[PDB]
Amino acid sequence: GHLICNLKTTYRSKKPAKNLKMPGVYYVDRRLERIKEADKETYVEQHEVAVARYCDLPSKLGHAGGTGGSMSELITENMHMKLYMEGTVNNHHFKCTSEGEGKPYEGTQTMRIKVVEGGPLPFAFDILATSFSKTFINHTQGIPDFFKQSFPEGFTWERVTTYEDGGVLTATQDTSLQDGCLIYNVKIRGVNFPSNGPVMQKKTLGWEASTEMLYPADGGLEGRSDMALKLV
């Protein structure tokens, strides 16, 4: 079976608004997969593929179009990332680091992750999966790319993930570009994960594929998604 959660996210550019070409309401389809783990999840490799689309269904009210996408020459066909993460789930403190690479225009990426403090964690690593990369979304289908456009200044995101069994996980993130490398700094605070639930019992088996709806809200973007966590 599955345990469901809901994500509510706000994405904020550090680039002045007058310099951003904004998208309309759009959708990002994703498949985030665990590729490898070692030593009770103190080492994890994750891969994600993410493709943006405007709704392609026919419209009876007429197609409202745009002026195609955006350009961001600071973001190359191949990019590397480095990440630092710190936080708490329930009463348990931890730190992680990761490094990876991907193809920002093709929407694919890999992260190799180490738990460097607080390991092994008392909770399923799956609940951290979405906190490890918005620059790697394929927006080539004519959608202005809020994320790639944000450079050199970069952007932040902030999110609340609400699990249907009481766990709540907030996360805040800073994304910068430094000497050609993307740098992520992430902070996590999760609370009220049930002691008898699959997260604290480590009885999860990764995420199903997902769709996120993104929409303009106050100069930035907000996102909404429901995700399904596979259970043992």
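Start at 1 with the first residue shown and count on from there.
Unmodelled residues of the deposited sequence between neighbouring positions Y105 and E106 number none; the chain is continuous.
Set 149-157 against 67-75 and average the Cα temperature factors; 67-75 ends up higher. Mean CA B-factor, 186-194 versus 53-61: the higher value falls on 53-61.
Highest C-alpha temperature factor among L121, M111, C96, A129, as the PDB entry reports it: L121. Each of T162, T88, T135, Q141 has a CA temperature factor in the record; the biggest one is found at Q141. The PDB entry assigns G219 a C-alpha temperature factor belonging to the highest third of its chain's modelled residues.
Compared with the other modelled residues of the chain, the Cα B-factor recorded for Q201 ranks in the highest third.
Sort the chain's modelled residues by C-alpha temperature factor and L7 lands in the lowest third, per the entry. Ranked by C-alpha B-factor against the other modelled residues of its chain, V25 falls in the lowest third. Among all modelled residues in its chain, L169 ranks in the lowest third by Cα B-factor.
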